[PDB]
Amino acid sequence: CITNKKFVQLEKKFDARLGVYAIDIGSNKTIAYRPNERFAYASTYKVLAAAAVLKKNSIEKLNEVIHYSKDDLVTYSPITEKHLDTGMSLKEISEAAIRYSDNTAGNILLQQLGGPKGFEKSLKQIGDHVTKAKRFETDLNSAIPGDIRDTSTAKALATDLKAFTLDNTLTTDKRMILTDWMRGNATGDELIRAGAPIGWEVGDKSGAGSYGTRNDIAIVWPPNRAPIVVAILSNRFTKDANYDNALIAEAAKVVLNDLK
Ligand SMILES: *C(=O)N1C[C@H](NOS(=O)(=O)O)CC[C@H]1C(N)=O
């Protein structure tokens, strides 16, 4: 009950709705708050779409150069906008999507999987019947009340990230490529990483959307311990609401101190 009380008070403090699911791989202990309620996933899909692309493609296909036109570029494409001339491989596109949250990279990953519905199919293959994927960037970030397009739950996202990174669903080389892309990125510095003790390495994928949507999903490696998977999703109640990263950092501290 005590952990539940902290999450209730975070919702009051930040005027927000909060979804939490975390699993300690060593003890199987879990922490859950609104774990089955839907939130817009925003940019967090990019790590799952990248993992699905790695799973389904040979190293040869993943290194082939893709060319895209200036007309495929959507807003917030800091990496892909530089490479109209050289093109990028699916490996490079995956890294751009995960490290920098590049939206055109996200779109190319969704396209490689057969569009949003093909990405959803890839998730059903790993047992996720919850996530609903319908739109491309940047429309997928609208986070409209009552809309289930481009939504998932904290439990489903955490379970998906665990499936790709810790359940031995990718070969060692692809798995380590994926988790390295998740480590050390500025987009994650104020989120789960800000709630993790120093020395507990965090690999994450952040997200942000309308209605104050602010998300982070992560693997955490505590010293001398098995990993922890953590998904923390949040939104607010008016279209223009500004999120506060501290909500995610403070929720992550609750999770990581209690699974300690
Ligand atoms: C992902 O949610 N997005 C991509 C980009 N980076 O934000 S993130 O670091 O929180 O992922 C801008 C916000 C959002 C988007 N598509 O608008």
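The residue numbers of chain A are those assigned by Swiss-Prot, with the residues present covering 47-306 sequentially.
Per deposition record, X-ray crystallography, 1.5 Å.
Cβ coordinates come from backbone N, Cα and C, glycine included.
Summarising the annotation, Swiss-Prot assigns active site, acyl-ester intermediate to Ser89 and lists sequence analysis as the type of evidence. The Cβ of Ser89 (active site, acyl-ester intermediate) lies under 8 Å from the Cβ of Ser147, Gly152, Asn187, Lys251, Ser252, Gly253, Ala254, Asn261, each of these being in the same chain and 6 or more residues away along the sequence.
Every protein chain shown contributes to the tally, and the Cβ of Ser252 (substrate binding site) ends up with 26 other Cβ atoms within 10 Å. What Swiss-Prot records for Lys251, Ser252, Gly253 is substrate binding site.
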Suppose we screen the recorded positions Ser89, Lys251, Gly253 by Cβ distance to ligand 1 with a cut-off under 6 Å; which survive, in sequence order?
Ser89, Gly253
